[PDB]
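Taken together, the values in this text are just the output of simple stated rules run on the coordinates, not laboratory data. No Cβ is skipped: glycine too gets one built from the backbone with ideal geometry, and neighbour counts run over all protein chains shown.
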Amino acid sequence: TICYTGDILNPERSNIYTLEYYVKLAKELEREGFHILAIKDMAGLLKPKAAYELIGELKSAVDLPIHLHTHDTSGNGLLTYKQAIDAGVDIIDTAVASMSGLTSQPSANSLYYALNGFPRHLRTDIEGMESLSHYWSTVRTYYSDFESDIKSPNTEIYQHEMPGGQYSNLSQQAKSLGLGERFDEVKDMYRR
Amino acid sequence: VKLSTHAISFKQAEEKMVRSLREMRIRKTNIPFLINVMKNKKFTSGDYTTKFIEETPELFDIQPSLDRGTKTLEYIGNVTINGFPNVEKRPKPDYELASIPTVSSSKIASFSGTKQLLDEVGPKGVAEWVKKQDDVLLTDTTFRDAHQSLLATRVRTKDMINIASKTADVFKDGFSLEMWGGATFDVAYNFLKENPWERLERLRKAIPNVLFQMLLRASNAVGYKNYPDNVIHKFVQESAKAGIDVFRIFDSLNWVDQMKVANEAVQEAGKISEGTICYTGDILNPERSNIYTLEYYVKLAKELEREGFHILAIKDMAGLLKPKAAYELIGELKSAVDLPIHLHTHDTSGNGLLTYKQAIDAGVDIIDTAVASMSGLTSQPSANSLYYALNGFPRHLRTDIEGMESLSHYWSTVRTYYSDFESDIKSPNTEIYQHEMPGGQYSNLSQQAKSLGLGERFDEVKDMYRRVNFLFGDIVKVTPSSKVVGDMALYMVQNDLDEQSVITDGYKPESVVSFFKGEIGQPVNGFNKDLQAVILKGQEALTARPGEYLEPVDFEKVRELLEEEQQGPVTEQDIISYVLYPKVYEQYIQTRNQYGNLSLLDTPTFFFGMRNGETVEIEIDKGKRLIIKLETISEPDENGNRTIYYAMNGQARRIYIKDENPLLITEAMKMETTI
Amino acid sequence: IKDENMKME
Amino acid sequence: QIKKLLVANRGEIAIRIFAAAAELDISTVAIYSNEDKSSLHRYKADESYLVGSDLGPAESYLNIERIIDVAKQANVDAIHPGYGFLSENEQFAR
Ligand SMILES: *C(=O)CCCC[C@@H]1SC[C@@H]2NC(=O)N[C@@H]21
Ligand SMILES: [Mn+2]
Ligand SMILES: [Mn+2]
């Protein structure tokens, strides 16, 4: 699994984590004998078009199936998938609808209907996926004591690159250090 | 008491006397009249007679007393003891301080947005411009539609005006701000008891560059029942007078005939007019409906162009226009009609962004987005997320991304003032694609099914909704048309009916019989004669639209009725407001009498009063601010009245507030004693 | 033993 | 001619000038320090402004420019210095 960081669409985001760095990483993994190349986008940083050109690239350069995984922390996780699906993805990581969104994986129940009209087709049972959601939505309410404070998409991850729940758990600790109000400098220091 | 003043000139003795009276605050006396006696030039002249008060008329034309803080004390008093409706009685919670961006009022006066464009070229010039823009123009719904969906439309004016400056600068390159209409007229006057006209006027002043857009229903504008055309014009001109410039016009059954009267008014007033097709069904599923096909939507656009609308707009009020459906619908519309296209969706499936990015590819010109922290689910797609999603693709969304994040952070904290009113919807509901239940209906209808004891029988209520749709032809699910299909689905599950059963036993649901009379419009499938006959059991089924059976309203009598009732000066806004919503306006006025303008209080104090030993500053506006400290409330005295020890503007005050929580035969120790 | 002892409508 | 008047003072004479200013239909701006936030004179005017949170008590009634900002920002025509603070400060009057 290549751990994805930064942005491959901005030529001046990084000089290192560029498109050919991941290609070079993937071939090494093939040369090291892993049966499946999976891209772990642990921060929702792989923008839609970036997903189309990262996946379409490695799809040719490595002869492994491609397993994608992302977090809808930007609100563009489904778009990221639909792009990689149109760029020849093999497996995506999804959660049942009622247990999806935000820092979870993209919504499975939605992506099924998202693909209505486009070439490919999500291999699954919506009728069953709906019932699983109606179940999990309820069971989720026993865990209200543990829900994150994140309630809406946060696009500022594209700057600091905090993963699943680090602009949540940091501000928590940042306040416990006399700097919670001044979290603009943390999101600038953490970026720095 | 008695007041004596003195000076070297009778005028100065009179000037001193005047202010000594206003400075004299006894919080119901002779003061206003006696002040008028002073400013009466006939007095100053020093020559009158015993018939000075009787001779002069407008001595008694006193201006109402600035009760003010004494009323503001009463409100904070009443809520601190007896709470606020629909809010769990809890001590006023500790929210974040949420510092607010500002922008110089001189600089905002330098911007030249899309209202300047309407003030230079007409509406047709604004539309012909939008066409030319390669970039994606955005309309913002944060002030209106986003919080209607997510917060029962409880967002108060104070929270909107307090960022209006930054919003006017952030969306300076935006097409329009959606802020008014929808359900913001009714919820304002009645629930928040705040005047929507001042929300309009105070925002128009603060945001002078961007166009102002509202959601206008063709049948009744912002009303609740049906209205004669005469009132549709009155309301449209007055909103147009007060700053509204983009009127989105829809009808609950996509029936153009009802949209014509609300149309002639927007043309007359000279603003922009959005003719709208409400989207139902599935353009990609041929087996879903044989009525709402791509041909229907292209026809209505041509119909909507012929009827003279300046922009064609598409309203996906239930998130049913899929991403691929968006791609074909708009592109096929874009090449058949020559208007810009204004697309609006609700992100209930979680595909709202996928609808848009597809829609942008087909070339849509304007899209409805809400700021990130107030986006998703039954609201609009996230403007923030969208801006970054087009990274790498050819088209770009014309907006100020860094200004939107600041607008998001502000709204994130503000919304927690409103957590009492959050919808129960935590996740996308992908099965809207079957029952076509509109925004906040598959939850609102679930709470009503629970009332009837159907709470765990919701599969048969969801299915009934979808069956009821087909039963009434294939119709459009939007208020009020969504209410009838709703009420009709419970009924058949209430007493175990089916399709043929409801016709076969029909002669043996107030909204449904109102619907089959045509009191909301004419459906695009008509009615089933056998179905129709049994529901209304024989009365006048409307043979045309509802407006023409209605006598025009005499707005001169209404002005008389209100002036006799109120103080005197009744404005046009007062008039059409009473006409549109009688009881609420009447009630709003009585509340305005008791407590003054509550749209000035901070939203927490509005909802929770204050806690013991806390100080509160109220913007009476522009330099004038009053400071209140609650010291203690007392236990209820002999009656149910408690004494709140206050401190306002340095002067100790007290308010007394009603707390809501033989002869005789008494008992003391299990012993029936009698008086 | 027997013991002898939001705003919206 | 004199729409709105500001008194660069406090207490007894500020309340006094605010009275004569109301008598001639003139809006009155008051100024107050941090240590004077609970003063009588800051509630007798039509508007009120803390001169400077950085400035400390006595400085808040003696900074020529910090006061004049408040006046310009508030659309002031005339300043009455009262007695004793800047009432005799040639450079303030300039
Ligand atoms: C309880 O009824 C007292 C609350 C004080 C009145 C306030 S004003 C805004 C709210 N709307 C309403 O009808 N009562 C509330
Ligand atoms: Mn992970
Ligand atoms: Mn809408």
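Overview of results
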item: Given charges at beta-carbon only (K, R positive; D, E negative), |dipole| of chain A in Debye; result: 140
item: Between the range B:611-650 and the range D:14-32, the Cα center-to-center distance that results, in Å; result: 26
item: Residue (of B:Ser481, B:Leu34, B:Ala146) at the positive-pole extreme of chain B, dipole from beta-carbon charges; result: B:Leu34
item: FRET efficiency, 1/(1 + (r/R0)^6) with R0 41 Å, evaluated for C:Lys2 and B:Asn495 via beta carbons; result: 0.50
item: Inter-centroid distance (Cα atoms) of the range B:305-372 relative to the range A:43-77, Å; result: 27
item: Kirkwood hydrodynamic radius of the protein assembly as shown, from inverse mean 1/r over distinct Cα pairs, in Å; result: 32.1
item: Computed helical MRE - 222 nm, chain B, DSSP H runs ≥ 4 contributing -39500 (n - 2.57), nearest 500; result: -12000 deg cm²/dmol
item: Cα→Cβ-extended label distance, 7 Å offset, between A:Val139 and A:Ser171, nm; result: 3.0
item: Sorted peptide list for B:270-276, B:113-119, B:612-618, B:645-651, criterion being average Cβ within 10 angstrom, highest first; result: B:270-276, B:113-119, B:645-651, B:612-618
item: Calculated [θ] (222 nm, deg cm²/dmol) that DSSP helices of n ≥ 4 give over chain D, each run adding -39,500 (n - 2.57); result: -8000 deg cm²/dmol
item: Positive-end extreme of charge dipole, the protein assembly as shown - chosen from B:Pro340, B:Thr603, B:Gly350 (charges on Cβ); result: B:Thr603
item: Rounded Å value of the spacing that divides the Cα centres of the range B:542-609 and the range B:405-482; result: 30
item: Per-residue Cβ neighbour rank within 10 angstrom, fewest leading, B:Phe458, B:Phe516, B:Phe175; result: B:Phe458, B:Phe516, B:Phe175
item: Leading residue at positive end of dipole, chain B (Cβ point charges), from B:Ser252, B:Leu407, B:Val121; result: B:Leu407
item: Shielding by partners - mean other protein chain Cβ count within 10 Å, residues of D:37-43; result: 3
item: Peptide-level mean, for B:428-437, of C-beta atoms on other protein chains within 10 Å; result: 5
item: Taking D:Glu35, D:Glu47 and counting other C-beta atoms within 10 Å, the order from fewest to most; result: D:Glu35, D:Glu47
item: Whole-Hz ³J(HN,Hα) from phi, Karplus 6.51 cos²θ - 1.76 cosθ + 1.60, for the range B:263-271, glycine and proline x; result: 8, 4, 6, 6, 4, 3, 5, x, 9
item: Relative contact order %, chain D, counting alpha carbon pairs below 8 Å whose residues are six or more apart; result: 35
item: Point-charge dipole on Cβ atoms (K/R +1, D/E -1) for chain D, about Cα centre, debye to 20; result: 140
item: For the range D:4-94, average projected area of the Cα convex hull in nm²; result: 5.2
item: Neighbour-count ranking [beta-carbon atoms within 10 angstrom, fewest first] of B:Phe60, B:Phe608; result: B:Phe60, B:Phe608
item: Per-residue ³J(HN,Hα) for the range D:42-53, Karplus 6.51 cos²θ - 1.76 cosθ + 1.60, θ = phi - 60°, Hz, x for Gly and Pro; result: 7, 10, 8, 9, 7, 9, 8, 9, 6, 4, x, 5
item: Per-residue ³J(HN,Hα) for the range A:26-43, Karplus 6.51 cos²θ - 1.76 cosθ + 1.60, θ = phi - 60°, Hz, x for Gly and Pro; result: 5, 4, 3, 5, 4, 5, 9, x, 7, 6, 9, 9, 10, 9, 9, 8, 6, 9
item: Cα-based Rg of the range B:365-430 normalised by 2.2 N^0.38 Å, two decimals; result: 1.24
item: Size of charge dipole - the range B:269-313 - debye, nearest 20, with Cβ of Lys, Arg +1 and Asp, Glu -1, no other charges; result: 120
item: Antiparallel DSSP beta bridges within the protein assembly as shown, as percent of all bridges there, nearest 5; result: 30
